[PDB]
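A.B. asks: Next up is a structure, given as structure tokens.
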Amino acid sequence: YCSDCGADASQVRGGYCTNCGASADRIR
């Protein structure tokens, strides 16, 4: 999941969360 907004990990692309724009390292 994204620690910043809660989105599912499958929504990360190009180094960012595609919902909130968090950097890839905010994914856990």
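For the structure tokens, the naming scheme is as follows: chains receive sequential letters (A, B, ...) according to their order of presentation, residues are indexed from 1 within each chain, and ligands are indexed from 1 in presentation order.
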List the spatial neighbours of stretch 1-15 of chain A as an mmCIF file with N, CA and C atoms, in the first residue's frame - criterion: any atom at most 7 Å away, only C-alpha atoms, same-chain residues fewer than 4 positions off excluded.

C.D. replies:
```
data_model
loop_
_atom_site.group_PDB
_atom_site.id
_atom_site.type_symbol
_atom_site.label_atom_id
_atom_site.label_comp_id
_atom_site.auth_asym_id
_atom_site.auth_seq_id
_atom_site.Cartn_x
_atom_site.Cartn_y
_atom_site.Cartn_z
ATOM 1 N N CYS A 20 -1.430 10.063 -5.478
ATOM 2 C CA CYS A 20 -1.059 11.242 -4.699
ATOM 3 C C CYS A 20 0.306 11.828 -5.043
ATOM 4 N N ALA A 22 3.269 10.566 -4.357
ATOM 5 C CA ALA A 22 4.366 10.169 -3.478
ATOM 6 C C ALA A 22 5.504 9.473 -4.225
ATOM 7 N N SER A 23 6.722 9.713 -3.750
ATOM 8 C CA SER A 23 7.907 8.990 -4.173
ATOM 9 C C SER A 23 7.765 7.501 -3.871
ATOM 10 N N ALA A 24 8.393 6.672 -4.700
ATOM 11 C CA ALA A 24 8.277 5.193 -4.607
ATOM 12 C C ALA A 24 8.595 4.630 -3.202
ATOM 13 N N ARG A 26 7.638 5.555 -0.384
ATOM 14 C CA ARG A 26 6.509 5.607 0.551
ATOM 15 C C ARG A 26 5.604 4.368 0.481
ATOM 16 N N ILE A 27 5.860 3.502 -0.462
ATOM 17 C CA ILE A 27 5.119 2.243 -0.589
ATOM 18 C C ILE A 27 5.688 1.253 0.436
ATOM 19 N N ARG A 28 4.812 0.520 1.117
ATOM 20 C CA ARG A 28 5.208 -0.505 2.075
ATOM 21 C C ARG A 28 4.424 -1.773 1.741
#
```

A.B. asks: Using the chain letters and numbers from this document, which residues of chain A does DSSP assign to strand (DSSP E or B), as a count of residues only?

C.D. replies: 7
